[PDB]
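**Q** Take this structure first; my questions come after.
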Amino acid sequence: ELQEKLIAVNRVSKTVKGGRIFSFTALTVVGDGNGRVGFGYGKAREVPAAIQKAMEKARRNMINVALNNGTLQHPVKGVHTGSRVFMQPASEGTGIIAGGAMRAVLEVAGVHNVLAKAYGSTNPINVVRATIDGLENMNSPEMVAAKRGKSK
RNA sequence: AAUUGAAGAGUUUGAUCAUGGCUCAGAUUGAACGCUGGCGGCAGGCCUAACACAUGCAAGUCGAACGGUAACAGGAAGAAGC
């Protein structure tokens, strides 16, 4: 029900005096399908501990979205460290087209139809953060109406 | 009811990010090659040497234009091995 899924796991090194301390880092996302998307990175000495810590971190700091019935109400562009993401409402289209490290996060967010493309360095963590920031910056028509004096 | 519309992955380093190129996952062709190979329908078949060509054929028709008859179906002008 919590719609949890990780994206990639990578191992790191410390290069200590006695050799190398091989640790592990994770990347997980959590959601339900009506917003409430969270992410977690997670570090540990072992892969299972790292992914558990990533899931626990994703459990908190969960930010909601103002999604339409199955997509966004407007195209959006998200920018981050070295990754740029473009989202288009893409009505019907019997599904998404997004690629790695991005299709996972929206299938977690629950939006079935969306045109998602990534320009720039394809760092999973950076593209996920860019997508989260773009979703946060996205605004709903009801919100903009109440802000601006709808009169529509 | 007549363009409703987009995927990424690996690689610099003890590990990170970015820049940056390289490679791969798709279609597609007048395709060639290797292996294999049953049938039918449709389409295609010198991209290179506008290099050179044996041979045969691709533009003749009209006698209702004409002088003509080489023909010859020759009835028929004539004759007959009858």
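Ligands are numbered from 1 in the order shown, residues from 1 within each chain, and chains are lettered A, B, ... in the order they appear in the structure tokens.
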Taking only C-alpha atoms (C1' of nucleotides) into account, produce a table as a Markdown table in which each residue of chain B with an atom at most 12 Å from an atom of chain A appears once, together with its shortest atom pair and the distance in Å to one decimal, ordered by chain and rising number.

**A**
```
| residue | atom | partner | partner_atom | distance |
| --- | --- | --- | --- | --- |
| B:4 | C1' | A:93 | CA | 7.1 |
| B:5 | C1' | A:90 | CA | 7.2 |
| B:6 | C1' | A:117 | CA | 6.8 |
| B:7 | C1' | A:99 | CA | 3.6 |
| B:8 | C1' | A:99 | CA | 5.9 |
| B:9 | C1' | A:100 | CA | 9.0 |
| B:13 | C1' | A:13 | CA | 11.1 |
| B:14 | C1' | A:15 | CA | 5.5 |
| B:15 | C1' | A:13 | CA | 4.6 |
| B:16 | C1' | A:12 | CA | 9.0 |
| B:17 | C1' | A:82 | CA | 8.5 |
| B:18 | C1' | A:82 | CA | 7.0 |
| B:19 | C1' | A:121 | CA | 9.5 |
| B:20 | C1' | A:121 | CA | 11.1 |
```

**Q** What's around residue 1 in chain A at 9 Å? Count only C-alpha atoms (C1' of nucleotides), leave out sequence neighbours fewer than 4 positions away in its own chain, and write the answer as an mmCIF file with N, CA and C atoms, in the first residue's frame.

**A**
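Output below, filename result.cif:
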```cif
data_model
loop_
_atom_site.group_PDB
_atom_site.id
_atom_site.type_symbol
_atom_site.label_atom_id
_atom_site.label_comp_id
_atom_site.auth_asym_id
_atom_site.auth_seq_id
_atom_site.Cartn_x
_atom_site.Cartn_y
_atom_site.Cartn_z
ATOM 1 N N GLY A 31 5.588 5.798 -2.085
ATOM 2 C CA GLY A 31 4.376 6.532 -2.399
ATOM 3 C C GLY A 31 3.174 5.606 -2.360
ATOM 4 N N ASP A 32 1.998 6.185 -2.603
ATOM 5 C CA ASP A 32 0.749 5.428 -2.577
ATOM 6 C C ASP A 32 0.046 5.435 -3.928
ATOM 7 N N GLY A 33 0.078 6.551 -4.651
ATOM 8 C CA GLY A 33 -0.587 6.641 -5.936
ATOM 9 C C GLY A 33 -1.440 7.884 -6.073
#
```

**Q** For CA of residue 76 in chain A and CA of residue 7 in chain A, quote the distance in Å rounded to one decimal.

**A**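 One can read the CA of residue 76 in chain A to CA of residue 7 in chain A distance as 22.8 Å.
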
**Q** Report the residues of chain A whose backbone DSSP state falls under helix (DSSP H, G or I), written as a ChimeraX atom specification.

**A** /A:47-59,103-109,124-137,141-148

**Q** Determine, counting only C-alpha atoms (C1' of nucleotides), which protein, DNA and RNA residues have an atom within 9 Å of an atom of residue 108 in chain A; residues of the same chain fewer than 6 positions away are not included. Present the result as a ChimeraX atom specification.

**A** /A:2-5,29-33,35,37

**Q** With N, CA and C atoms retained, could you export that selection as an mmCIF file, in the first residue's frame?

**A**
```cif
data_model
loop_
_atom_site.group_PDB
_atom_site.id
_atom_site.type_symbol
_atom_site.label_atom_id
_atom_site.label_comp_id
_atom_site.auth_asym_id
_atom_site.auth_seq_id
_atom_site.Cartn_x
_atom_site.Cartn_y
_atom_site.Cartn_z
ATOM 1 N N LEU A 2 2.064 1.137 0.579
ATOM 2 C CA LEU A 2 2.991 2.259 0.660
ATOM 3 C C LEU A 2 3.801 2.455 -0.614
ATOM 4 N N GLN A 3 3.688 1.539 -1.576
ATOM 5 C CA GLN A 3 4.333 1.635 -2.888
ATOM 6 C C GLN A 3 5.803 2.040 -2.760
ATOM 7 N N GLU A 4 6.595 1.135 -2.192
ATOM 8 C CA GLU A 4 8.026 1.337 -2.029
ATOM 9 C C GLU A 4 8.787 0.587 -3.117
ATOM 10 N N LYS A 5 9.857 1.208 -3.609
ATOM 11 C CA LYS A 5 10.655 0.600 -4.664
ATOM 12 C C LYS A 5 11.966 1.372 -4.608
ATOM 13 N N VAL A 29 12.399 4.980 -3.171
ATOM 14 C CA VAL A 29 11.284 5.913 -3.223
ATOM 15 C C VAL A 29 10.045 5.214 -2.677
ATOM 16 N N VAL A 30 9.130 6.021 -2.134
ATOM 17 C CA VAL A 30 7.913 5.520 -1.507
ATOM 18 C C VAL A 30 6.748 6.420 -1.897
ATOM 19 N N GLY A 31 5.588 5.798 -2.085
ATOM 20 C CA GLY A 31 4.376 6.532 -2.399
ATOM 21 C C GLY A 31 3.174 5.606 -2.360
ATOM 22 N N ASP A 32 1.998 6.185 -2.603
ATOM 23 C CA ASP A 32 0.749 5.428 -2.577
ATOM 24 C C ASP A 32 0.046 5.435 -3.928
ATOM 25 N N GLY A 33 0.078 6.551 -4.651
ATOM 26 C CA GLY A 33 -0.587 6.641 -5.936
ATOM 27 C C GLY A 33 -1.440 7.884 -6.073
ATOM 28 N N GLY A 35 -0.177 11.070 -4.799
ATOM 29 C CA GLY A 35 0.746 12.014 -4.202
ATOM 30 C C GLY A 35 1.599 11.356 -3.129
ATOM 31 N N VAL A 37 4.936 11.560 -2.198
ATOM 32 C CA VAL A 37 6.127 10.907 -2.718
ATOM 33 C C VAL A 37 7.316 11.280 -1.846
#
```

**Q** Report, in Å to a single decimal, how far apart CA of residue 149 in chain A and CA of residue 135 in chain A are.

**A**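 Computing the Euclidean distance for CA of residue 135 in chain A and CA of residue 149 in chain A yields 23.4 Å.
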
**Q** Please identify the strand (DSSP E) residues within range 38-144 of chain A (assignment by DSSP from backbone atoms) and present them as a list in words.

**A** residues 38, 39, 40, 43, 44, 76, 77, 78, 79, 83, 84, 85, 86, 87, 88, 115, 116, 117, 118, 119 and 120 of chain A
